[PDB]
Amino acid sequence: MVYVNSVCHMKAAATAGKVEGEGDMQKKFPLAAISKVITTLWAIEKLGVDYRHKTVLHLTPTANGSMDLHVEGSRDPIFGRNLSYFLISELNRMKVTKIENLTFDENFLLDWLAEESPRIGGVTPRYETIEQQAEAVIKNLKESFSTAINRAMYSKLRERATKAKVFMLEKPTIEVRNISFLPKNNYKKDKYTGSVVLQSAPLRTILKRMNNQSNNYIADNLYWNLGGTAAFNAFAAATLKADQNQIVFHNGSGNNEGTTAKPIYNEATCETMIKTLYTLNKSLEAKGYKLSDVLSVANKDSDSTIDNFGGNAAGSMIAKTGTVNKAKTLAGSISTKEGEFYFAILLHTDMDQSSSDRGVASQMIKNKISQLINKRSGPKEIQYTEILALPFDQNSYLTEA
């Protein structure tokens, strides 16, 4: 079955004013991936919009002329294939082609498929012990970081880097003999250890990438990195003026934490999503940014879930989608001849009754957005150029600590 749980909208202004819509604005409903809008605000509030995950690489010469490497981690939530390929290029620029002993500490996260299926839509792996985390990081280092580079994929990445004016070598390699976990408590460096820092892209771009893709891996790891559920609730009380009556979170993504038969979802009231949006926008404006720097733009962001959100929203809506078995959701803003308006639309679905519910819900949401645009005198196209959202940029090149 498909139906409207709740709809809200509010004009974007200096003040959070009149709200109109449908249904109970103060009833909690499953959010699906519009949860990421909230995760996005929380990350920006705690870390700062332009924050950079600064992974430190401790390189010590061995007698054979290779390097030992200790990775001091920054918990970088987009560290996988692409950032690995870039690091390999970078190592070769510094004349490092061979690593003897590669150690890493408790903060080094590496999931090769961070920006790819099935990590985008999958249940994010949750490591209960540090051991379990270490063994999975070993697995990735051993099987992916150290193996023959995928020539076609490296080349696609480099084509993008080149559009982004970031240099990468045509054909770099790395060899790694030994890989093991070494806690930060126990790492101390040799007299001849030189150490260098890899800054990932600014947080706003990591967020733009996450929101474009609906990346569960990135959203869920941000949530843990920020302190998990306890830290989240304090954030919701202080920033959103919201307690369990308004909002309950289990993860950063909005993904199902339970079973197919017995789902558990992040829930909030439609009001809470409007607050989030207003506060996220104010935050970004205070630093000279816009909502389009972290959320997708209809039609204009090709590599996003709203690439094909047609209708009069094309080029005139900034939004995040959401999809779980029990819900289809959308949140963001529309730009119209009467100004910009925040909105949140929450629909119920039942995939267990029919998978056709997702498609039906999708076109209902689109038509609802079009209707809201119609009633505000039609679309006004947004000033925006497609952000190419790479996990590194021109300040990601290796520099001395």
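Just count from 1 along the sequence shown to find any residue number.
Mean C-alpha B-factor comparison - 23 to 31 and 367 to 375, higher one: Averaged over C-alpha atoms, the B-factors run higher in 367 to 375.
Of 270 to 278 and 179 to 187, the stretch whose C-alpha atoms average the higher B-factor in the entry: Stretch with the greater average CA B-factor: 179 to 187.
Deposited CA B-factor, highest of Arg81, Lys326, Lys262, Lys320: Out of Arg81, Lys326, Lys262, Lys320, the record gives the largest C-alpha B-factor to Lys262.
Candidate set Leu41, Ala361, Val49, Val56 [ranked by C-alpha B-factor, highest]: Going by the entry's C-alpha B-factors, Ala361 comes out highest.
Assigned third (lowest, middle, highest) for the C-alpha B factor of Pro61: Top third by C-alpha B-factor.
For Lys36, the third of its chain into which the C-alpha B factor falls: Lowest third - that is where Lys36 ends up once the chain's C-alpha B-factors are sorted.
Within-chain third of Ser316 by Cα B-factor, per the entry: Middle third, going by the recorded CA B-factors of the chain.
Third assignment of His250 from its chain's C-alpha B-factors: Its C-alpha B-factor, which the entry lists for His250, ranks in the lowest third among residues of this chain.
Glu159 - Cα temperature factor, lowest/middle/highest third of chain: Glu159: CA B-factor falls in the highest third of its chain.
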